[PDB]
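Enquirer: Starting off with a structure, shown below.
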């Protein structure tokens, strides 16, 4: 699919927990783990809108009480072709 | 393509939200996404003065309450040729 | 041993202290260290779920008093295959 | 059709109301009606995560104040292969 | 005839009274009686929307004072095809 | 006859006591017993409308104090041909 | 896998949620679900002591807030040979 | 031996834990697990009177606080031949 | 099976009770029963970290009140290679 | 009533049913910090996702 | 008010949160006619000849004065050709 | 407001509880025009050329403001052809 | 409601201050159909099949009640034509 689900957390341990929760809670493929600097880490998944809704909700709950906590949890159901340039194609 | 619109946010999640809203709200090219460091992220668009004005306004509204927040949204109608050397030409 | 245990700390000194105590405490193989950015350092150890739990508990106690401190402590007994791409595969 | 949506209710009249709303709301197949015992009656639907997300949501409001009421309304976007053994296959 | 009229009651005696009132009051056919478990007993009638409306209203009034009483009196104007698999086709 | 008498009790001991009282105190015939669930045990009798009335009053008096006691007591002088299906023809 | 981990819930929806959380959290096998009666549903998993403890803890957290709730969580590291006669060998 | 020892519990998790303690404690054989209904689960063990007294005491002490709890723990040294007709011979 | 659990008792009776309870609780192999001298008896067992923690808890609870009593209950999730040269491997 | 002898014992009677459990102590209801357009409606009946997350 | 026929269910996962959980159906005046979406207040199986309300009246039939609905099914026709 | 000719009565037994008991009629702009349904505020026999109101005004025309109707008959045209 | 498709964006810099910052999109039922303009309360790319509310229901869907919107995009259909 093309929907995008992003969770931003203060640190990497909360981000890994969210990424684990997202991927195992619905059919979504993890596409990147970007260190934003200043302690923020953003895990991005792509999939269909229904699956992304389920995953991010599962991810937001899992990492809320982990480490420093959760910063953001956003779901863009369809992503403009322009944004696709900056979004990571596959994890590093 | 001679006007510059910029939205700066704390974290990558609001930056992606702003970029998506700006690109969908008007005919603008997402020239670059920059990790300023310390958690700041800046998304830049370039289009017509009317289009960039609509894009930036839409983006700030969308990302104002997403994650940590919006630092600033700025529109430069005429960009001096000197400044063009410190602006991304294509996204990365 | 496929369970994943992570300790996050502020500053590298607690991170190195946590890894020493975690590896010595139980049979967990150190798998990586990652500079999150902004002062967060994360160390990831794999191993059996029971041993990984014992290691993380030992590491958290030993690294809490050292430096700025402990941010997070985590265990994932079965990490989803999608998340294994973002985890370090071995210490370099 | 690999997303599971369950609605548990006290009595059978709420269960049939929930089942009717769940199947008239989206393209979800009613795979079960299990008399748990003690009054509880559960209705299980299968379909795409988007369709099941909408089905369960519509059903929950339909049966909230029918009979004794509603007990649970749960959606699982990606259900483990192990759990499929305890799930029913046909409503009869 | 596709409309469904269900009445749930605490005990068989209120249900049997409901079945008598429902079938006597209108031109509805009793399709099934179910022991939900824990005390609840549901009686189901299939008929035209008008007949089922009069039957369920007549039944809900008759059994209000009988035994433990009425749990639910619900009218479904039209039943989805999927739900037909979980409804008795003819009385037990 | 055609009149139907019902007494519902919590447990089996009051039901057997009720059924004994009904058949002893009027010209009724015990058509059957039903284990409704959750404790309720129903006893049904058929006879003339006058005899059944005296039989269900005697039964209620008899089981009112036996064990947990009586829940409901009923007579339906005429029973719709539809309800005849759900009434046990004879004690099985 | 010879250790046993049991989660008991009030209703079936919490039971299936516990079974999904338990199986996706650690390497365990869902060996059965039993309708205890009275609205209690037990889900059993067999695995190693380390895996089972991780699973049951994941199961308890997942089903705690789903449906009526969680009744009991139990781990038996060693199950006597006789006890296995009262345990399901494989899921239904 | 023929001495009968019974432990009744609210739920199955207490029953399995009790059965494990009984069989582990003394030379008794698990002969049955009865679902009495309403959330009562009974475990019956046969053995010599000395063995059964130890087995039952272990079972009561082990499941006293596990889950919903313990209802009854009884020991019958010699059951009348009539009662054997209602006691299970082997568990299933 | 590396984690080491040791229980020290005053006398041999509390030590044998600890060994039985330690071994019954979980999968731990009894490696040594050492007569330290002066009345101290030490029972060492070895197994996975999860099992050892369960085993030592059972032993410390079982032998606390038996005889003179319990002296020490200690777990080492991984012993240094040097220490194993002073650990019994088979009990004599 | 008086034809048959009867003894009524005072049993410990607790009903374990769905209706009886309608008022059981329940844990804190799940809340979502989600943003974006996800049909994030909290006025409706409690819908829970995997892990108990509201949705 | 208009008479329409339900054809299929319409699912929009990312709908605005103001819509609640009300299901949506694809109603058209006649087969082959333009397709519209109506909030379903009284449950309709596919093929039902439903009766739909429009304007501000729709918002009330959707269960709240503030509901964002332009078309809302309010009744099912007992007998319609 | 539209001039419509009543065609036949309409009964929807499972309509929402907010419609009250007000009868419903089928009114087409002329014989052959698309059929619509109007709430009958005044007694109207089939074949009468009647005056219909729409939009929010239709709600008050029949009952309170919260009445779910977008087309209500408000009178009978004494001489229309 | 209506099922429209996003074709191109619309930008008027002489807009009234009431419209705020909300984006504007050009939508039609199908290619070649009449072109209407809808306030986009979602993120809708060109080529997205969307569900559009209208009337007073639209004003509340986009921003506040007083917001001057006779058409709003209240969601994107998951799978359409």
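Enquirer: Look through K:78, K:70 and report the one residue that is closer than 18 Å to residue M:52 by Cα and either surrounded by 20 or more Cβ atoms within 10 Å (Cβ to Cβ) or at the interface with chain L (Cβ under 8 Å from one of its Cβ atoms) (or both).
Expert: Unique residue meeting the criteria: K:70.
Enquirer: Quick one: how many residues across the stretch F:71-92 are in contact with a helix residue (DSSP H, G or I) (Cβ under 7 Å, 6 or more places away or on another chain) and assigned to a strand (DSSP E or B)? Break it down stepwise before answering.
Expert: Here is the first cut: in the stretch F:71-92, the ones in contact with a helix residue (DSSP H, G or I) (Cβ under 7 Å, 6 or more places away or on another chain) are F:72-77, F:79-80, F:82-83, F:86.
Within this subset, residues satisfying the condition of being assigned to a strand (DSSP E or B) are F:72-76.
Residues meeting the conditions: 5.
Enquirer: Restricting attention to the stretch K:1-55, report how many residues are without any contact (Cβ under 8 Å) to a residue 24 or more places away in the chain, under 29 Å from residue A:75 (Cβ atoms) and within 7 Å of chain M (Cβ to nearest Cβ). Spell out the reasoning first.
Expert: Just the residues of the stretch K:1-55 that are without any contact (Cβ under 8 Å) to a residue 24 or more places away in the chain, to begin with: K:11-15, K:17, K:21, K:23-24, K:26, K:32-34, K:43, K:55.
Those left that are additionally under 29 Å from residue A:75 (Cβ atoms): K:11-15, K:17, K:21, K:23-24, K:26, K:43.
Narrowing further to those that are within 7 Å of chain M (Cβ to nearest Cβ): K:11-15.
Summing the residues that are without any contact (Cβ under 8 Å) to a residue 24 or more places away in the chain, under 29 Å from residue A:75 (Cβ atoms) and within 7 Å of chain M (Cβ to nearest Cβ) in the stretch K:1-55 gives 5.
Enquirer: A further question follows. Filter the stretch A:34-51 for residues that are crowded, with 21+ Cβ neighbours inside 10 Å and closer than 21 Å to residue A:66 by Cα and give the result.
Expert: The answer is A:34, A:36, A:38, A:39, A:40, A:41, A:42, A:43, A:44, A:45.
Enquirer: Need the failing condition index for residue C:67 against (1) on the phi < 0 side of the Ramachandran plot; (2) away from chain A (no Cβ under 12 Å), just the number.
Expert: In the conditions (1) on the phi < 0 side of the Ramachandran plot; (2) away from chain A (no Cβ under 12 Å), residue C:67 misses (1) alone.
Enquirer: Would you be able to tell me the number of residues in the stretch B:70-92 that are within 14 Å of chain A (Cβ to nearest Cβ), within 14 Å of the chain's Cα centre (by Cα) and within 21 Å of residue A:40 (Cα to Cα)? Outline the logic, then answer.
Expert: First, pick out the residues of the stretch B:70-92 that are within 14 Å of chain A (Cβ to nearest Cβ): B:70-71, B:88-92.
Now drop any that are not within 14 Å of the chain's Cα centre (by Cα), which leaves B:70-71, B:88-91.
Narrowing further to those that are within 21 Å of residue A:40 (Cα to Cα): B:70-71.
Matching residues across the stretch B:70-92 total 2.
Enquirer: Need the failing condition index for residue H:61 against (1) closer than 23 Å to residue I:21 by Cα; (2) surrounded by 15 or more Cβ atoms within 10 Å (Cβ to Cβ), just the number.
Expert: (2)
Enquirer: On the given criteria, is residue I:68 surrounded by fewer than 17 Cβ atoms within 10 Å (Cβ to Cβ) and assigned to a loop (DSSP other than H, G, I, E, B)? Spell out how you get there, then give the answer.
Expert: On the way: surrounded by fewer than 17 Cβ atoms within 10 Å (Cβ to Cβ): yes; assigned to a loop (DSSP other than H, G, I, E, B): yes.
Yes: the conditions hold for residue I:68.
Enquirer: Now, a different point. Would you mind telling me which numbered condition in (1) in contact (Cβ under 8 Å) with a residue 40 or more places away in the chain; (2) surrounded by fewer than 19 Cβ atoms within 10 Å (Cβ to Cβ); (3) more than 24 Å from residue E:45 (Cα to Cα); (4) touching a helix residue (DSSP H, G or I) at 6+ places or on another chain (Cβ under 8 Å) residue F:29 fails?
Expert: (1)
Enquirer: Still on this structure, I have one more. For residue F:13, are the conditions met, namely being touching a residue at least 40 places away in the same chain (Cβ under 8 Å) and either touching a strand residue (DSSP E or B) at 6+ places or on another chain (Cβ under 8 Å) or crowded, with 24+ Cβ neighbours inside 10 Å (or both)? Walk me through how you get there before you give the answer.
Expert: Values: touching a residue at least 40 places away in the same chain (Cβ under 8 Å): yes; either touching a strand residue (DSSP E or B) at 6+ places or on another chain (Cβ under 8 Å) or crowded, with 24+ Cβ neighbours inside 10 Å (or both): no.
When the stated conditions are applied, residue F:13 does not pass them.
Enquirer: Moving on to the next point. Kindly provide the set of residues from the stretch E:9-59 that are more than 9 Å from the chain's Cα centre (by Cα), within 12 Å of chain D (Cβ to nearest Cβ) and outside any loop (DSSP other than H, G, I, E, B), ordered by number.
Expert: E:9, E:10, E:34, E:35, E:36, E:37, E:40, E:41 - these are the residues of the stretch E:9-59 that are more than 9 Å from the chain's Cα centre (by Cα), within 12 Å of chain D (Cβ to nearest Cβ) and outside any loop (DSSP other than H, G, I, E, B).
Values quoted throughout were computed directly from the atomic coordinates according to the rules given, and no laboratory measurement underlies them. Please note: Cβ atoms are built from the backbone with ideal geometry, for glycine as well, and neighbour counts cover all protein chains shown.
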